[PDB]
Amino acid sequence: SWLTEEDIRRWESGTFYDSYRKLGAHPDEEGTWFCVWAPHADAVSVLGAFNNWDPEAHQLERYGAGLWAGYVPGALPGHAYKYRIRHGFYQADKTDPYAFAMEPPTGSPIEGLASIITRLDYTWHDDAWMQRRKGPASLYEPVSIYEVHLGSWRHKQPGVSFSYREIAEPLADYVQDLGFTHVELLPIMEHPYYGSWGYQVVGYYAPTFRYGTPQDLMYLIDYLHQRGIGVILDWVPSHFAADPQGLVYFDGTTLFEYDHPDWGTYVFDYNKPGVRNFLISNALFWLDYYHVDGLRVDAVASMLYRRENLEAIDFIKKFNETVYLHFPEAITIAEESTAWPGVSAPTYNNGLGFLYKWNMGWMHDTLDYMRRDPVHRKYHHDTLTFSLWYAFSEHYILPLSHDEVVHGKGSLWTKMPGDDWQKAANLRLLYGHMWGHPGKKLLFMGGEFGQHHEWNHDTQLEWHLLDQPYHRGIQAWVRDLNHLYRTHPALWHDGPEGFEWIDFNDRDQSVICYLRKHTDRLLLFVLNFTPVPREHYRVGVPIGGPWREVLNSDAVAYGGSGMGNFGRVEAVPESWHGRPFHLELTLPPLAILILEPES
Amino acid sequence: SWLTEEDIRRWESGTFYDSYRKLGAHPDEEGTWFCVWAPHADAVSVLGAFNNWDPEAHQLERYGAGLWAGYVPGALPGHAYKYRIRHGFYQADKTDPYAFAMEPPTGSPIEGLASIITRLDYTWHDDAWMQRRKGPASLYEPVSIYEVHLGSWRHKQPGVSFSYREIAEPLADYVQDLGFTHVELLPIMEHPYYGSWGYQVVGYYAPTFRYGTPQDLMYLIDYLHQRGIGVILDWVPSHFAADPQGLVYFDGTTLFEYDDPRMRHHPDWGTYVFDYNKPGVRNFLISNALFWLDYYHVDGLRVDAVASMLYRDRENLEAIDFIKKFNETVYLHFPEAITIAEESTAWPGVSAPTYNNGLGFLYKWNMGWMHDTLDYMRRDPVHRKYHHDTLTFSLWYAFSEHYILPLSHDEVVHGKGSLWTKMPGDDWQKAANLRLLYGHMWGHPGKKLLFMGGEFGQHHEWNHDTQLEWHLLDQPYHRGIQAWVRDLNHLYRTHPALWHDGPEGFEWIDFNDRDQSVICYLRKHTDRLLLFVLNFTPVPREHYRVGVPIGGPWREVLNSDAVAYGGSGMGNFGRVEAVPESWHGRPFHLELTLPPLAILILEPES
């Protein structure tokens, strides 16, 4: 009896969310237990070195709910194995969907990827971090996400990436100095084509071999946690990879497939309980076995539609419901490119049950506005100001992801208009406004230097640009912005109550003044979107008295001209912007001023 | 650095007797170390699934002494591997000489054999046995060897032998029931040809796959020890198998074989013989001896065809010195192991210590006794008169060496006929004679060896492709013989008069009743004495008087003619009182009745 009768009963229910405990390959010192789901199979057999790859040596026995199981003495960790499933006249060799590790036998993932028997034994030293993780409580705490593709981040030599362990100290070193709150990792699950960035997934339960063993990854997360950094894993429940030995036609017929235009026939059949187990158990698998703090679901709209797909909608709702039940302090983030309501809302209120939504609306408006020249920004003022009508519809994360710096879209730097100074000024201004705008922050690697080139995964980021002034200044600006974020709670509350307008109708001079509030604390943000310094510019404020200049984008330390109020600004009790007191300031070129009352 | 610089120097001296610690394949926690001896190779490469069999993927590095070593990440236990050795213009694939396990990808050993990485972790439960193994002192203890071919003993299904594990409990129960002290196993080292019985060896460090894994063999050896059985392994340092991927011309040259062409051809072994001149060959062999006693706890090693080593036709000093240092290192590192030799010449001091100019074996097969005894009883009782001197003169040679009286598989093959077949008359008399032969062999000085199947007197010559005729245990004549051997071994195990095979342990009572073909002798240790009276004729003898040293009541401890063994039931019946009359130059005498073709063993009464 390998499988409990409760397990088979739970499998038929679609309630087996620990299903990884029994499905796949589970090592024992004498031999490995094998468990695979193949309901439309006449037979299933394990092939490996442990039986001369002979199909009649070890035929699993069929249990309930199309669950096949068998024991193989001498099947050992690190050995490659394979399932042979027979559908009537035809038989085929398949990979394990629940494989915990895979490696290419030829040496090339594109030729062969092979399931390898693995033990996940690892002793964690991240005790302290997880007793204090937040997440749902992070709605009122600073969340600043550094989005990363591990292979592309840094190289030991050209074309050779860092191991999971080797990356740990450099990424943890870099992320801490930057002040970032989390790292979001582009999908780590095993994928054949490196150029996929990981979104075509074959081994949902296996971290990719390219960076090391599964424990190597657990150590990385363990390490980062000790350093106080969170780990978000991009996850792909929307579609699986088109690999013939993969999930496609597993038992000889449709199984994980429907019995989408983006990926037709690679869409998961959320109707089947067996599919639902596989997907949700895997979500928990990462939160359980790898202590992951958050999971990000991409192209959620592709699941919602085909007009709405209710199979998927109930699945998403149950996914979010299940995660927070087993891990009350996890975080789930969604990217949904339609105006689907209540993504970030709880299922009990007819929401999808996510904690966070990428504000892709904001990103489009923001980028479109700053692609424009300051001379012309006059005519597009509403694109800038109107982001706040939709800024509280969900619990949002402001997003500047890899998808924006690929396929000829241009690096964030490349997008900004004018000569190099204005390009650097524009990006420092952009981030300043993004850090001020309500919502958490996500920046994809290389945006912190404002690197010239589009993200090229086949190479390492242009760190050499960190030697030159303009790019080193932007890195300093992001670090300093991140310091302001964590220090001041006025930015922690992305609620409507947190934000108040100071002035939004200066279209001619292309300026924005706004307030970000929590209780006592106020933070005043004044933005000049034209390369013209503004003098005697008055900005209304609630409080009188001494005001300080907390940050100036135009500081020479950032590559700025250096026009500034430099603190020591005294409010004048003359009504401005419908406010009791006013500040008389100097607005630097293409810059953001951040000011708070002196205390 | 895989090899210590001490490691290189010891290999160069031919004094590296732990060489298995470093040569061969040694799994690591993330990969495998490989080390091969190929002095005249220009390049050596490891091939396996762990590198997609690419010869340039993992090219071993040359260390000193012609040893090559290298590490391969991802090479794991259970992987099959291969050495690609390049001899100048030519390249060839070879198996690992130090392979600790071999398996055929084909599934036929002859068609192919492959080196598979193995880890030898095994947890032993034989503490009590090995702390009490008496080894050299066994000369003063009862040693009864049951010689066994594992594949031939019993078949779990027709044409299918028992695994190492499966054989353990059935065999141990059998050997315990019959009272043998040790089992000698025909060579278990990996061999291509099953019909070779194991004497053509390819994998000296690997137990044959036919019955299971190395640990499978370890369970059996462990098991037998827990049951109180000793395990002697047959070992073949005389020659290696004539197998092309094996040790023949390993590095592209003569390597394990003699470099000299004239030396290379030897008449018994043809081209393949071990060059005992080479220190590397000396390492490989002596390390292998210790390897078996070390990792497999074997109690003894028996070397065959020692004459083929000693002579070339004459003396091979290479072989003689190798033989001597083989024995010296064995007893130095494992003082309680046992080494046995069979030599078809009358070479002196086989059983003698090297420091006395002996070869250093503990035991020698008394093949003189075997031929002599077999020659005599092969003949008809009417004629045994004329060959009485063949029987009695056997003891002129019984104390020349420490001897093991051996009847072997080699005797029951090749048209020589079963021991049963060898004996004269109809089945009753044949069974009687076989009881006599075992009767005298247990009486004759020396340890005892009987090959499997002889204990019931099976008809057909031993056929390796089949299992023994156990069905004859249903018929009475053969079930009686098996009972007789059991009783003989019980007498041997319990009576110390039979333990001391020196001339002091034997006294002649009378040998000149040549006419009636009767012999009486004494097996005595200290006060204890056992009287053996043997009638080699089917007529029983009445009122036959036998001299005795001590006078008093004597009891009959064993009667071959007892009905339980398949006999007449004729006997003294015990309560034999020595008659204070002189006979055979002795103070007292026993008046006995001698059953047909029978052996009597008698003890004074206490």
# chains A, B, ... in the order shown; residues from 1 in each chain; ligands from 1
call {"tool": "interface_residues", "arguments": {"of": "chain B", "to": "chain A", "cutoff": "9 Å", "atoms": "only C-alpha atoms", "output": "list in words"}}
result
residues 49, 50, 51, 52, 74, 76, 77, 78, 79, 80, 105, 106 and 107 of chain B
call {"tool": "write_last_selection", "arguments": {"atoms": "N, CA and C atoms", "output": "PDB file, in the first residue's frame"}}
result
ATOM      1  N   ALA B  49      27.379   7.084 -19.626  1.00  0.00           N
ATOM      2  CA  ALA B  49      26.198   7.929 -19.774  1.00  0.00           C
ATOM      3  C   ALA B  49      26.401   9.289 -19.120  1.00  0.00           C
ATOM      4  N   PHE B  50      27.215   9.345 -18.062  1.00  0.00           N
ATOM      5  CA  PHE B  50      27.447  10.567 -17.300  1.00  0.00           C
ATOM      6  C   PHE B  50      28.218  11.606 -18.096  1.00  0.00           C
ATOM      7  N   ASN B  51      28.619  11.262 -19.326  1.00  0.00           N
ATOM      8  CA  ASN B  51      29.196  12.237 -20.243  1.00  0.00           C
ATOM      9  C   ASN B  51      28.803  11.922 -21.681  1.00  0.00           C
ATOM     10  N   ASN B  52      27.706  11.193 -21.887  1.00  0.00           N
ATOM     11  CA  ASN B  52      27.232  10.828 -23.221  1.00  0.00           C
ATOM     12  C   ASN B  52      28.317  10.088 -24.007  1.00  0.00           C
ATOM     13  N   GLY B  74      28.814  13.854 -11.554  1.00  0.00           N
ATOM     14  CA  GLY B  74      27.616  13.232 -12.076  1.00  0.00           C
ATOM     15  C   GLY B  74      27.719  11.754 -12.389  1.00  0.00           C
ATOM     16  N   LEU B  76      27.636   8.255 -11.153  1.00  0.00           N
ATOM     17  CA  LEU B  76      26.987   7.788  -9.940  1.00  0.00           C
ATOM     18  C   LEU B  76      26.938   6.269  -9.899  1.00  0.00           C
ATOM     19  N   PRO B  77      26.726   5.688  -8.714  1.00  0.00           N
ATOM     20  CA  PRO B  77      26.620   4.228  -8.617  1.00  0.00           C
ATOM     21  C   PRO B  77      25.520   3.699  -9.522  1.00  0.00           C
ATOM     22  N   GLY B  78      25.749   2.513 -10.073  1.00  0.00           N
ATOM     23  CA  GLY B  78      24.835   1.959 -11.040  1.00  0.00           C
ATOM     24  C   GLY B  78      25.060   2.428 -12.458  1.00  0.00           C
ATOM     25  N   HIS B  79      25.975   3.370 -12.678  1.00  0.00           N
ATOM     26  CA  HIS B  79      26.324   3.756 -14.034  1.00  0.00           C
ATOM     27  C   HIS B  79      27.294   2.744 -14.619  1.00  0.00           C
ATOM     28  N   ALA B  80      27.128   2.456 -15.902  1.00  0.00           N
ATOM     29  CA  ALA B  80      28.074   1.615 -16.606  1.00  0.00           C
ATOM     30  C   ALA B  80      29.155   2.524 -17.156  1.00  0.00           C
ATOM     31  N   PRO B 105      25.127  -5.587 -20.612  1.00  0.00           N
ATOM     32  CA  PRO B 105      24.045  -4.815 -21.206  1.00  0.00           C
ATOM     33  C   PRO B 105      23.191  -5.772 -22.017  1.00  0.00           C
ATOM     34  N   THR B 106      23.831  -6.712 -22.709  1.00  0.00           N
ATOM     35  CA  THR B 106      23.135  -7.740 -23.511  1.00  0.00           C
ATOM     36  C   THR B 106      22.288  -8.597 -22.602  1.00  0.00           C
ATOM     37  N   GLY B 107      22.763  -8.886 -21.389  1.00  0.00           N
ATOM     38  CA  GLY B 107      22.082  -9.850 -20.504  1.00  0.00           C
ATOM     39  C   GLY B 107      22.682 -11.222 -20.707  1.00  0.00           C
TER      40      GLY B 107
END
call {"tool": "residues_around", "arguments": {"residues": "stretch 382-390 of chain B", "least_positions_apart": "5", "cutoff": "9 Å", "atoms": "only C-alpha atoms", "output": "ChimeraX atom specification"}}
result
/B:372-373,375-377,511-517,536-537
call {"tool": "write_last_selection", "arguments": {"atoms": "N, CA and C atoms", "output": "CSV table (one decimal), in the first residue's frame"}}
result
chain,number,residue,atom,x,y,z
B,372,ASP,N,45.5,-42.4,-4.4
B,372,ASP,CA,45.8,-43.7,-3.8
B,372,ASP,C,44.5,-44.3,-3.4
B,373,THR,N,43.7,-43.6,-2.5
B,373,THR,CA,42.5,-44.2,-2.0
B,373,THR,C,41.5,-44.6,-3.2
B,375,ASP,N,42.2,-45.1,-6.3
B,375,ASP,CA,42.7,-46.2,-7.1
B,375,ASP,C,42.4,-47.5,-6.4
B,376,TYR,N,42.6,-47.6,-5.1
B,376,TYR,CA,42.4,-48.8,-4.4
B,376,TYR,C,40.9,-49.3,-4.4
B,377,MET,N,40.0,-48.4,-4.0
B,377,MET,CA,38.6,-48.8,-3.8
B,377,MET,C,37.8,-48.9,-5.1
B,511,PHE,N,48.3,-53.7,10.2
B,511,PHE,CA,48.1,-53.4,8.8
B,511,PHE,C,48.4,-54.7,7.9
B,512,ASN,N,48.8,-55.8,8.5
B,512,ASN,CA,49.2,-56.9,7.6
B,512,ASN,C,48.2,-58.0,7.4
B,513,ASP,N,47.0,-57.7,7.8
B,513,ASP,CA,45.9,-58.7,7.3
B,513,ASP,C,45.6,-58.3,5.9
B,514,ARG,N,46.6,-58.6,5.0
B,514,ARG,CA,46.4,-58.3,3.6
B,514,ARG,C,45.4,-59.2,2.9
B,515,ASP,N,45.4,-60.4,3.3
B,515,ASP,CA,44.5,-61.4,2.8
B,515,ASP,C,43.0,-61.0,2.9
B,516,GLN,N,42.6,-60.7,4.1
B,516,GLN,CA,41.2,-60.3,4.3
B,516,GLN,C,41.0,-58.8,4.2
B,517,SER,N,42.0,-58.0,3.9
B,517,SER,CA,41.8,-56.6,3.6
B,517,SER,C,41.2,-55.9,4.7
B,536,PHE,N,37.4,-54.2,4.2
B,536,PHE,CA,37.2,-53.8,2.8
B,536,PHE,C,36.7,-54.9,1.9
B,537,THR,N,36.0,-55.9,2.5
B,537,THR,CA,35.5,-57.1,1.9
B,537,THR,C,34.0,-57.3,2.2
call {"tool": "atom_distance", "arguments": {"atom1": "atom CA of residue A:92", "atom2": "atom CA of residue A:26"}}
result
22.6 Å
call {"tool": "closest_residue", "arguments": {"among": "A:293, A:167, A:67, A:118", "to": "residue A:132", "atoms": "only C-alpha atoms"}}
result
A:293
call {"tool": "residues_around", "arguments": {"residues": "residue B:116", "least_positions_apart": "6", "cutoff": "10 Å", "atoms": "only C-alpha atoms", "output": "list in words"}}
result
residues 25, 48, 76, 77, 78, 79, 80, 81, 82, 95, 96, 99, 100, 101, 102, 103, 104 and 206 of chain B
call {"tool": "write_last_selection", "arguments": {"atoms": "C-alpha atoms", "output": "short mmCIF file (atom, residue, chain, number, x, y, z; two decimals), in the first residue's frame"}}
result
data_model
loop_
_atom_site.label_atom_id
_atom_site.label_comp_id
_atom_site.auth_asym_id
_atom_site.auth_seq_id
_atom_site.Cartn_x
_atom_site.Cartn_y
_atom_site.Cartn_z
CA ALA B 25 35.90 3.62 -9.53
CA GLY B 48 29.73 6.62 -19.66
CA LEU B 76 26.99 7.79 -9.94
CA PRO B 77 26.62 4.23 -8.62
CA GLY B 78 24.84 1.96 -11.04
CA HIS B 79 26.32 3.76 -14.03
CA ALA B 80 28.07 1.61 -16.61
CA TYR B 81 31.48 2.88 -17.63
CA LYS B 82 34.32 2.19 -19.99
CA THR B 95 36.79 -2.75 -18.85
CA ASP B 96 38.00 -1.59 -15.46
CA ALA B 99 35.74 -3.03 -11.36
CA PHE B 100 33.93 -3.87 -8.14
CA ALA B 101 30.77 -4.94 -10.00
CA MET B 102 30.07 -6.02 -13.58
CA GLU B 103 26.86 -6.54 -15.56
CA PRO B 104 26.05 -7.40 -19.22
CA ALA B 206 33.67 -8.08 -8.67
#
call {"tool": "select_by_dssp", "arguments": {"residues": "stretch 37-245 of chain A", "states": "strand (DSSP E or B)", "output": "mmCIF file with C-alpha atoms, in the first residue's frame"}}
result
data_model
loop_
_atom_site.group_PDB
_atom_site.id
_atom_site.type_symbol
_atom_site.label_atom_id
_atom_site.label_comp_id
_atom_site.auth_asym_id
_atom_site.auth_seq_id
_atom_site.Cartn_x
_atom_site.Cartn_y
_atom_site.Cartn_z
ATOM 1 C CA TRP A 37 -1.463 9.959 -12.893
ATOM 2 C CA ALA A 43 -0.285 0.004 -18.503
ATOM 3 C CA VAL A 44 2.526 2.151 -17.088
ATOM 4 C CA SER A 45 6.131 1.045 -16.585
ATOM 5 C CA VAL A 46 9.298 2.599 -15.153
ATOM 6 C CA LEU A 47 12.401 2.463 -17.372
ATOM 7 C CA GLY A 48 15.905 3.198 -16.160
ATOM 8 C CA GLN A 59 5.120 -2.401 -14.399
ATOM 9 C CA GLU A 61 0.009 -1.409 -10.554
ATOM 10 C CA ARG A 62 -3.096 0.650 -11.222
ATOM 11 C CA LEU A 67 -3.241 6.571 -10.042
ATOM 12 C CA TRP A 68 -0.437 4.127 -10.871
ATOM 13 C CA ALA A 69 2.243 3.138 -8.358
ATOM 14 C CA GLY A 70 5.177 0.765 -8.016
ATOM 15 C CA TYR A 71 8.407 0.150 -6.129
ATOM 16 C CA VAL A 72 11.812 -0.303 -7.777
ATOM 17 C CA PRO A 73 14.711 -1.679 -5.688
ATOM 18 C CA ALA A 80 17.542 9.303 -14.695
ATOM 19 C CA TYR A 81 14.170 7.620 -15.120
ATOM 20 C CA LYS A 82 11.242 7.529 -17.509
ATOM 21 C CA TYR A 83 7.614 6.400 -17.761
ATOM 22 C CA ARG A 84 6.358 4.173 -20.598
ATOM 23 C CA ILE A 85 2.575 4.495 -21.022
ATOM 24 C CA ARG A 86 0.594 2.194 -23.333
ATOM 25 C CA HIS A 87 -2.583 3.469 -25.037
ATOM 26 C CA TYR A 90 0.666 2.501 -29.282
ATOM 27 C CA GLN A 91 3.091 3.038 -26.406
ATOM 28 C CA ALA A 92 5.240 6.059 -25.642
ATOM 29 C CA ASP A 93 7.949 7.128 -23.223
ATOM 30 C CA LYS A 94 7.057 10.171 -21.118
ATOM 31 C CA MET A 102 15.759 17.302 -14.469
ATOM 32 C CA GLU A 103 19.056 17.290 -16.417
ATOM 33 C CA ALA A 114 15.420 13.720 -18.239
ATOM 34 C CA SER A 115 13.653 13.256 -14.865
ATOM 35 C CA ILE A 116 16.201 12.460 -12.113
ATOM 36 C CA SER A 144 9.966 47.331 -3.431
ATOM 37 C CA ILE A 145 10.525 44.435 -5.821
ATOM 38 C CA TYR A 146 13.699 43.860 -7.825
ATOM 39 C CA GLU A 147 12.652 41.776 -10.828
ATOM 40 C CA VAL A 148 15.391 39.407 -11.956
ATOM 41 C CA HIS A 155 28.093 36.094 -15.562
ATOM 42 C CA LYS A 156 31.297 34.495 -14.289
ATOM 43 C CA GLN A 157 32.575 34.586 -17.891
ATOM 44 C CA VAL A 160 28.410 31.251 -18.265
ATOM 45 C CA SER A 161 25.897 32.124 -15.528
ATOM 46 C CA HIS A 182 11.979 41.502 -2.586
ATOM 47 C CA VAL A 183 13.456 39.770 -5.608
ATOM 48 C CA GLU A 184 10.967 38.503 -8.178
ATOM 49 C CA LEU A 185 12.599 35.701 -10.140
ATOM 50 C CA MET A 189 10.721 25.887 -13.186
ATOM 51 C CA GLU A 190 12.434 23.538 -15.611
ATOM 52 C CA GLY A 203 9.022 20.482 -14.898
ATOM 53 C CA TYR A 204 6.634 22.373 -12.643
ATOM 54 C CA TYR A 205 8.059 20.631 -9.553
ATOM 55 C CA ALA A 206 11.722 20.908 -10.591
ATOM 56 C CA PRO A 207 13.965 23.983 -10.371
ATOM 57 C CA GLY A 230 11.966 38.210 0.101
ATOM 58 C CA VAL A 231 11.678 35.817 -2.834
ATOM 59 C CA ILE A 232 8.835 36.018 -5.352
ATOM 60 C CA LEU A 233 8.665 33.189 -7.908
ATOM 61 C CA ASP A 234 7.012 33.861 -11.289
ATOM 62 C CA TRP A 235 4.557 30.951 -11.820
ATOM 63 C CA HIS A 239 -0.143 27.062 -20.182
#
call {"tool": "atom_distance", "arguments": {"atom1": "atom CA of residue B:110", "atom2": "atom CA of residue B:192"}}
result
4.7 Å
call {"tool": "select_by_dssp", "arguments": {"residues": "stretch 33-68 of chain A", "states": "helix (DSSP H, G or I)", "output": "PyMOL selection string"}}
result
chain A and resi 49-51+64-66
call {"tool": "residues_around", "arguments": {"residues": "residue B:402", "least_positions_apart": "6", "cutoff": "8 Å", "atoms": "only C-alpha atoms", "output": "PyMOL selection string"}}
result
chain B and resi 139+351+362-364+446+501
call {"tool": "write_last_selection", "arguments": {"atoms": "N, CA and C atoms", "output": "mmCIF file, in the first residue's frame"}}
result
data_model
loop_
_atom_site.group_PDB
_atom_site.id
_atom_site.type_symbol
_atom_site.label_atom_id
_atom_site.label_comp_id
_atom_site.auth_asym_id
_atom_site.auth_seq_id
_atom_site.Cartn_x
_atom_site.Cartn_y
_atom_site.Cartn_z
ATOM 1 N N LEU B 139 44.280 -25.788 12.645
ATOM 2 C CA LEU B 139 45.060 -27.022 12.407
ATOM 3 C C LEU B 139 44.771 -27.962 13.579
ATOM 4 N N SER B 351 52.862 -26.205 2.741
ATOM 5 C CA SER B 351 52.257 -25.799 4.005
ATOM 6 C C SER B 351 53.241 -25.183 4.998
ATOM 7 N N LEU B 362 48.804 -22.524 4.522
ATOM 8 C CA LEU B 362 48.462 -23.236 5.749
ATOM 9 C C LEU B 362 48.118 -24.692 5.475
ATOM 10 N N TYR B 363 47.473 -24.963 4.349
ATOM 11 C CA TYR B 363 46.983 -26.295 4.042
ATOM 12 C C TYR B 363 47.338 -26.649 2.610
ATOM 13 N N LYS B 364 47.535 -27.938 2.386
ATOM 14 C CA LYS B 364 47.734 -28.481 1.057
ATOM 15 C C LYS B 364 46.757 -29.623 0.844
ATOM 16 N N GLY B 446 44.337 -35.561 8.705
ATOM 17 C CA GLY B 446 44.135 -34.436 7.813
ATOM 18 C C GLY B 446 42.734 -33.863 7.855
ATOM 19 N N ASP B 501 46.406 -33.994 13.513
ATOM 20 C CA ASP B 501 46.822 -34.756 12.346
ATOM 21 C C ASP B 501 48.324 -35.012 12.295
#
call {"tool": "atom_distance", "arguments": {"atom1": "atom CA of residue B:253", "atom2": "atom CA of residue B:83"}}
result
15.3 Å
call {"tool": "residues_around", "arguments": {"residues": "residue A:352", "least_positions_apart": "3", "cutoff": "6 Å", "atoms": "only C-alpha atoms", "output": "number ranges by chain"}}
result
A: 317, 343, 347
call {"tool": "residues_around", "arguments": {"residues": "stretch 512-515 of chain A", "least_positions_apart": "6", "cutoff": "8 Å", "atoms": "only C-alpha atoms", "output": "ChimeraX atom specification"}}
result
/A:385,499-506,522-528,539
call {"tool": "write_last_selection", "arguments": {"atoms": "C-alpha atoms", "output": "JSON list (two decimals), in the first residue's frame"}}
result
[["chain", "number", "residue", "atom", "x", "y", "z"],
["A", 385, "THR", "CA", -2.74, 63.41, -14.13],
["A", 499, "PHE", "CA", -3.08, 60.73, -1.41],
["A", 500, "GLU", "CA", -4.22, 64.38, -1.68],
["A", 501, "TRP", "CA", -3.77, 66.70, -4.65],
["A", 502, "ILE", "CA", -1.95, 70.00, -4.19],
["A", 503, "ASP", "CA", -2.19, 71.17, -7.81],
["A", 504, "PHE", "CA", -2.85, 69.44, -11.13],
["A", 505, "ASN", "CA", -3.90, 72.18, -13.60],
["A", 506, "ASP", "CA", -0.50, 73.61, -14.50],
["A", 522, "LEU", "CA", 3.06, 64.34, 5.03],
["A", 523, "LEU", "CA", 5.32, 64.12, 2.02],
["A", 524, "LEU", "CA", 5.06, 66.81, -0.63],
["A", 525, "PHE", "CA", 5.97, 65.94, -4.21],
["A", 526, "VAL", "CA", 6.56, 68.68, -6.78],
["A", 527, "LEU", "CA", 7.41, 67.62, -10.33],
["A", 528, "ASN", "CA", 8.77, 69.72, -13.20],
["A", 539, "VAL", "CA", 2.90, 75.45, -3.92]]
call {"tool": "residues_around", "arguments": {"residues": "residue B:401", "least_positions_apart": "4", "cutoff": "12 Å", "atoms": "only C-alpha atoms", "output": "JSON list (two decimals) with C-alpha atoms, in the first residue's frame"}}
result
[["chain", "number", "residue", "atom", "x", "y", "z"],
["B", 139, "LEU", "CA", 45.06, -27.02, 12.41],
["B", 340, "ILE", "CA", 45.16, -23.42, 0.91],
["B", 341, "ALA", "CA", 47.12, -24.67, -2.12],
["B", 342, "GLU", "CA", 46.78, -27.60, -4.54],
["B", 343, "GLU", "CA", 50.09, -28.62, -6.15],
["B", 346, "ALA", "CA", 55.79, -33.12, -4.80],
["B", 347, "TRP", "CA", 57.07, -29.60, -4.10],
["B", 348, "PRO", "CA", 58.26, -29.46, -0.48],
["B", 349, "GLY", "CA", 57.00, -27.10, 2.19],
["B", 350, "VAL", "CA", 53.81, -25.94, 0.52],
["B", 351, "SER", "CA", 52.26, -25.80, 4.00],
["B", 352, "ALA", "CA", 55.53, -24.52, 5.57],
["B", 353, "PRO", "CA", 56.32, -20.96, 6.72],
["B", 358, "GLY", "CA", 58.22, -22.85, 2.57],
["B", 359, "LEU", "CA", 55.67, -21.38, 0.20],
["B", 360, "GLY", "CA", 53.65, -20.25, 3.22],
["B", 361, "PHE", "CA", 50.30, -21.96, 2.69],
["B", 362, "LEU", "CA", 48.46, -23.24, 5.75],
["B", 363, "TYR", "CA", 46.98, -26.30, 4.04],
["B", 364, "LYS", "CA", 47.73, -28.48, 1.06],
["B", 365, "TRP", "CA", 45.31, -30.79, -0.70],
["B", 366, "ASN", "CA", 46.46, -34.38, -0.16],
["B", 367, "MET", "CA", 45.98, -35.39, -3.76],
["B", 368, "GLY", "CA", 48.35, -38.30, -3.18],
["B", 395, "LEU", "CA", 50.24, -42.87, 5.80],
["B", 396, "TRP", "CA", 53.93, -42.80, 4.90],
["B", 397, "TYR", "CA", 53.03, -39.50, 3.17],
["B", 405, "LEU", "CA", 42.04, -34.91, 2.39],
["B", 445, "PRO", "CA", 44.87, -37.84, 9.30],
["B", 446, "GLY", "CA", 44.14, -34.44, 7.81],
["B", 447, "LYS", "CA", 41.25, -32.02, 7.36],
["B", 501, "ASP", "CA", 46.82, -34.76, 12.35],
["B", 502, "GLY", "CA", 50.45, -35.08, 13.44],
["B", 503, "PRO", "CA", 52.15, -38.49, 13.62]]
call {"tool": "closest_residue", "arguments": {"among": "A:310, A:518, A:136, A:245", "to": "residue A:354", "atoms": "only C-alpha atoms"}}
result
A:136
